[PDB]
Amino acid sequence: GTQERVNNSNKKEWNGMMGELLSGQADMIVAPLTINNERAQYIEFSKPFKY
Amino acid sequence: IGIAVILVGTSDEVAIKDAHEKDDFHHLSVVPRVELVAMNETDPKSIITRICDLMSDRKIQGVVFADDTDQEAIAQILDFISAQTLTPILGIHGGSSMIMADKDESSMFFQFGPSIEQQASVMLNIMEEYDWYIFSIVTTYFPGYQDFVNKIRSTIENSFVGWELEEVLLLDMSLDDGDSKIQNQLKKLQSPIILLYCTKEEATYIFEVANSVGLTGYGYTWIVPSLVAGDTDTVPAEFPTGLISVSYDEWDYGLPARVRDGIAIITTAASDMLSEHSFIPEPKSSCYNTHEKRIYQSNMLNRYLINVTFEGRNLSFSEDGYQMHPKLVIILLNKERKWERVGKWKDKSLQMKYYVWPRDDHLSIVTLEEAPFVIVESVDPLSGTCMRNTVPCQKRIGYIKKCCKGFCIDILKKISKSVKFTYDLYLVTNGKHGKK
Amino acid sequence: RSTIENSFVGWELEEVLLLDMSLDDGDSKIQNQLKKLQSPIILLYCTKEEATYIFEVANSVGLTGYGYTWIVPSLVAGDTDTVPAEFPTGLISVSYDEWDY
Amino acid sequence: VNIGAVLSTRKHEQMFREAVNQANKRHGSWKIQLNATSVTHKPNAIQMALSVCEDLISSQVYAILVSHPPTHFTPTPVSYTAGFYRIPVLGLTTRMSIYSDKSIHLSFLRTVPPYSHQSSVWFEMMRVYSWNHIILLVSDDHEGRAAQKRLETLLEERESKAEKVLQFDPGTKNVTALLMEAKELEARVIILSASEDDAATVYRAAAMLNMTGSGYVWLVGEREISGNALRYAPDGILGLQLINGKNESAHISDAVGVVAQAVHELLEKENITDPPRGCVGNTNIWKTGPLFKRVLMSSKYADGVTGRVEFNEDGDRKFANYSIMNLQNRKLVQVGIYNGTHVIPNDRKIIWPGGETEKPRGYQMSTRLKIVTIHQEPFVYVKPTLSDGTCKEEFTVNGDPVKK
Ligand SMILES: *[C@@H]1O[C@H](CO)[C@@H](O)[C@H](O)[C@H]1NC(C)=O
Ligand SMILES: [Mg+2]
Ligand SMILES: [Mg+2]
Ligand SMILES: [Mg+2]
Ligand SMILES: [Mg+2]
Ligand SMILES: [Mg+2]
């Protein structure tokens, strides 16, 4: 998942697991997803289970 | 098709009449029988009576209204009449041209003018043209402020460029003895751009308060919509010099031209109604027997009146009433206080006359591409603006703007930050370093 | 200035104003001069009436709200019993020991 | 001074004249006399505008009162005609919330709150019942948008917004699709705001989808429990009514009193100009509406026949009283009183749609979750399954049942 642009007008949109979670097709993400500032502004992360 | 052109006040009727019989309608089948009427009174009663009688004794489908006053009551009355009689009306000049939101349901009244969102977009484009990213918002308790703020927010976020939007104020101009709160909260502003939005009297009072506080100085810029500017001729003394505003085109768009391009819209729309559906009924009798007069649905012509690509860049009319492709201009207050034009905006295109925006602690600096001391090999990334560690550089001859970085650039940045002076960077044209 | 110069702690002495009140119709000049004030701490030296007039001129630029501190000598604050309404809350002053002496 | 009024019935004109006489007697100390001019509403908007221009403006009426009869009817022509000269207009039977716009309707005041203010009442019902999960079913008209905006602002003030604000196009009976979309929203409290026909169609769709059963809470305004809609209203609907919203005599008396009180204060100053009397060729502002509408808004009546009289910054009735009723056995019964700041229930028992006699939680948590995973070898091994419906069973080095 990352934030990218589109060939149409400049509209922010995610992709991958982040996009699926934001759209609503999924309720939770269970995978090796890193915690960073960019992704922390839209979704909520739990306490890390692996440093 | 009967079309009545009504003029109110003083206008050149001969010029309008001559221009009317100057359009080639061979490509279409309309037969635009145009009737020109001129008056001086603007009283609601006279307007309604004239509209009633003209429709009675004349098979006029569309109506074009012009005025020279500045009363929005005229526009409201025209909208109400159009809604009641189900007859299209087009306001071009004067008060009728003022844009009013939330039109009456099942109304066929359209006006020549932009909306608040378009003006906000123009302001954002102007700010991004000169690399103005730090700004604030100051809006009072007036209708439309919510839409203005929402449009500004929608844009700022949906962008790859970097904006700040330090804070947004409210400034309720109704509390007694509230001047203390207004002055206290106005002192917190620090962004060069304020983007005010209020009425004329409120704008004057706020400008006076800001001048007392300390704003409106050498390093502050104020941009306001067309509402604040109001009448260009009447410039209150409280307006700071160098105030930017976005207005409609009233100098290069004359009344003879404005009256034209509107009759063509009706003729096209009509044709489309007839051609598409093999017919275009126009059954209006005078003003009355709404059940008897307006019994059938006239919404068929609505879908055609909002799409006319004759000459005005598709001349798209929004369902609200405003046009989606207007011709706007930017006006700046000079030393003589005359509201001189600066640039033009059309189809999301900005054509400004100032490449540096001429306005103390400001000076010009000359550089030249060289070893890592100064590097100019950076034009523009996907965002379309300079990077984080680069600075604008106007390469004279053309004035294309590129990005500069390097040892000397970092030294200059640190020196400017420490000594607190502003600079504009441009490259040298003739010669490399210097020789006698 | 002498105390500031002969010290190893920085102060930067942001600004030093000199208001003139003898001339009439000078309110605009005082207001213009007071604009160029941004330090959170301001020291004042004048008489009680002059201090009241200056404070009245203040509260318009916005130098009396939260985030500003005013310290004045005993000259500005005379009879402690009589407190003019123009004096902002939180003002600090230095006085002689006259309650425990 | 001359006071003009547009009333549906002649008897209402008699009541208005009696109220004007009473105001004159109460304020007879001053040397200012108030005259009453009354006109009858007409089916044609153009005819009404012509009449108001002719027999009303020509009399130099300082203010004009309007009362729209239930059976054009809306005061828009009068407001538009008076706005040209900036003459204040006071409406009594008008709550469309369109007139609350300062830019559109200039110099307009109302003696009754608009429908939008109803949203505030709902907020109270969401504070004394622990309802933090709601869904809005407003229409696409101006009234629905205003109500939704007011509710959203109120919720934001509490730092807790709604979840779905799905709307529908007025005049489209089919709402089954939207109801089905909102069915799987893990929410039970439903707030509706639409016309009588829209309310009836929404009720039909909800009943056909079994959405009016136990565990569902429905909140409506005033127009959804009247007329044909009331005939189609499912049992267990919490409606709101205005204590004094249909008796126009009390409103007329209060408006006359307030205008009389304001006029005396208005004339106690200088630079006062009389309103236009010819309205034939003059096209200039009366120069009297300003400083007069503000005085009217700032004029707080001591005590009227329907309660304290106050106006907000937008010029609308303030601090109104509402009656909260519950539909049980096809009979509306009052269950609570909203005194303008709080809601007080009575001794009556509220009958919910399920007849539980207890307020449902109004929010259920789904126990089924959808998980999205990516293919990472150390953390996620993905392998093709067998031909029976499950992949081969495997054991670890210690012979444990590896779970897939
Ligand atoms: C309304 O009821 C509340 C409930 O206690 C009370 O505090 C208040 O005084 C009453 N009146 C008003 C105008 O709120
Ligand atoms: Mg709108
Ligand atoms: Mg944003
Ligand atoms: Mg002109
Ligand atoms: Mg709209
Ligand atoms: Mg002593």
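What GluC sites (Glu not before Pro) does region C:27-99 have in DSSP loop regions with at most 11 other beta carbons within 10 Å?
C:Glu98
For the pair C:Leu19/D:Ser387, report the inter-label distance in nm, with labels modelled 7 Å from Cα in the Cβ direction.
Simple spin-label model gives 9.9 nm for this pair.
Quick one: what Rg and Dmax do you get for chain B from the alpha carbons, in Å?
Values for chain B (Cα only, Rg and Dmax): 26.4, 93 Å.
When the Kirkwood hydrodynamic radius is evaluated over all pairs of different C-alpha atoms of region D:25-172, what value in angstrom, to one decimal, is obtained?
Final number for the Kirkwood radius of region D:25-172 is 18.2 Å.
Determine the shape class of region B:157-274: with a ≥ b ≥ c the square roots of the Cα gyration tensor eigenvalues, call it rounded for a/c under 1.5, and otherwise prolate if a/b is greater than b/c, oblate otherwise.
prolate
In Å, the Kirkwood hydrodynamic radius of region D:65-130 over pairs of distinct alpha carbons?
One over the average 1/r among Cα pairs gives 13.1 Å for region D:65-130.
Taking each residue of B:39-51 in turn, how many C-beta atoms of other protein chains fall within 10 Å of its C-beta, and what is the average?
5
Per DSSP H run of n ≥ 4, the term is -39500 (n - 2.57); total these for chain B, divide by its residue number, and report the mean residue ellipticity at 222 nm rounded to 500 deg cm²/dmol.
The per-residue figure over chain B is -9000 deg cm²/dmol.
Using modelled backbone amide H atoms (1.01 Å from N, in-plane), which distant-in-sequence or interchain residues come within less than 5 Å of D:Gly236's amide H?
D:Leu327
Can you list the residues, at least 5 places off or on another chain, whose amide H is less than 5 Å from the amide H of C:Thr64, using H built in the peptide plane?
Excluding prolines and chain starts, which carry no amide H, the hits are C:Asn59.
Which whole-number percent gives the relative contact order of region D:92-150, counting Cα pairs below 8 Å spaced six or more residues apart?
Answer for region D:92-150 is 38 percent.
Just going by the charge dipole of the protein assembly as shown, with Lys and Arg at +1 and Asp and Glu at -1 on Cβ, which of B:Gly144, C:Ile41, D:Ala19 is farthest out on the positive end?
Going by the charge dipole, the pick is B:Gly144.
Sort D:150-159, D:374-383 for me by packing, meaning the mean count of neighbouring Cβ atoms within 10 Å per residue, highest on top.
Sorting D:150-159, D:374-383 by mean packing, highest first, produces D:150-159, D:374-383.
Could you tell me which of rounded, prolate or oblate describes region D:119-189, using a ≥ b ≥ c as the square roots of the eigenvalues of the alpha-carbon gyration tensor, with rounded for a/c under 1.5 and, failing that, prolate when a/b is larger than b/c and oblate otherwise?
oblate
So for each of D:269-281, B:398-410, D:126-138 I average, over its residues, the number of other beta carbons within 10 Å; can you give me the resulting order with the highest mean first?
Ranked by mean Cβ neighbours within 10 Å, highest first: D:126-138, B:398-410, D:269-281.
Counting just the Cα atoms, what span does region D:195-246 cover along each of its three principal axes? Round to the nearest Å and put the largest first.
36, 22, 13
Based only on the alpha carbon positions, what is the Kirkwood hydrodynamic radius of chain D, in angstrom?
24.7 Å
Measure off 7 Å from each Cα along the Cα-to-Cβ vector at B:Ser106 and D:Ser59, then give the distance between these two points in nanometres to one decimal.
The modelled label-to-label distance comes out at 3.2 nm.
Using only the Cα atoms of chain A, each taken as one equal point scatterer with no solvent, compute I(q) by the Debye sum, divide by I(0), and report log10 of the ratio at q = 0.19, 0.30 Å⁻¹.
-0.68, -1.35
Can you give me the convex hull volume of the Cα atoms of region B:8-112, divided per residue and expressed in Å³?
Cα-based convex hull of region B:8-112, divided per residue, equals 115 Å³.
Please provide three numbers in whole Å: the alpha-carbon extents of the protein assembly as shown along the principal axes, with the largest listed first.
Sorted from largest, the Cα extents of the protein assembly as shown read 101, 92, 91 Å.
Rounded to the nearest 0.05, what FRET efficiency do B:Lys338 and B:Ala371 have when you use their Cβ-Cβ distance and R0 = 45 Å?
The calculated FRET efficiency here is 0.35.
Rounded to a whole number of µm²/s, how large is the Stokes-Einstein D of region B:358-397 at 10 °C and 1.306 mPa s, given Rh as the Kirkwood radius over C-alpha pairs?
Approximately 128 µm²/s, per Stokes-Einstein.
Work out the mean other chain Cβ neighbour count within 10 Å for the residues of A:20-30 and drop it here as an integer.
Per residue, the average neighbour count from other chains is 3.
For region B:134-215, which GluC sites (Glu not before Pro) are in a loop by DSSP, counting at most 15 other Cβ atoms within 10 Å?
B:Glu164, B:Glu166, B:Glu167
How many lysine pairs in region D:127-278, separated by 8 or more positions in sequence or lying on different chains, have Cα atoms less than 22 Å apart?
So the count works out to 6.
Report the Cα-based extents of region B:288-420 along its three principal axes, largest first, to the nearest Å.
84, 41, 29
Bear in mind that the values in this text are calculations on the coordinates, not laboratory data. With ideal geometry, Cβ positions are generated from the backbone for all residues, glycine too; neighbour counts draw on all protein chains shown.
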